[PDB]
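Next up is one chain by itself, shown in structure tokens, the form deposited in one PDB entry.
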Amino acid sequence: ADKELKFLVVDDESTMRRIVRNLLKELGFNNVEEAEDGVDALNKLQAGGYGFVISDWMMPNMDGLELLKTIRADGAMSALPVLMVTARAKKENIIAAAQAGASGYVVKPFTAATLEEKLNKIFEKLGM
């Protein structure tokens, strides 16, 4: 994928956003911004320019399932790639997110290899 792709990394834990941003940097992506919840994320997204979202689920203000649904319903954002990266592990959770339009789903804790693999899986699917 284009190394100028602009990422939005969303999680209410600074430590997890830091993991994800440093992983992206290793993969060659430096155009990366952070958001602390679904509302914060939508503000950044409405500001424009974003090509990929990586999002947690459990967050105050607006959770990641609601954030995914909001993105998928919005005509200006509807095809935006959204990778869920979450501790939510039940099959029912994966189903709700997949059916809501998740591009991919990674369960915490995850390895560097898993993130790279699942990001590349989305790039291939979308022809990026």
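Residue positions are given as counts along the sequence shown, with the first one as 1.
- When 43-51 is weighed against 63-71, 43-51 comes out higher, by mean CA B-factor as recorded in the entry.
- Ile95 sits in the lowest third of its chain by CA B factor, as recorded in the PDB entry.
- Annotation for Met84: CA B-factor lies in the lowest third of the chain's modelled residues.
- In the deposited entry, the Cα temperature factor of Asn22 places it in the lowest third of its chain's modelled residues.
- Among the modelled residues of its chain, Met128 has a C-alpha B-factor that falls in the highest third, as given in the PDB entry.
- In the deposited entry, the Cα temperature factor of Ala35 sits in the middle third of values across the chain's modelled residues.
The form solved in complex with a partner chain exists for this protein as well; it is not shown, and the discussion that follows is about that form.
- Listed residues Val39, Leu27, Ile94, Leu80 were compared with the partner chain in the bound PDB entry; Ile94 is the one with a heavy atom within 4.5 Å.
- Proximity of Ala89 to the partner chain in the bound PDB entry: non-hydrogen atoms within 4.5 Å are present.
- Within this chain, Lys6 is remote from the site of the partner chain in the bound PDB entry, having no heavy atom within 4.5 Å.
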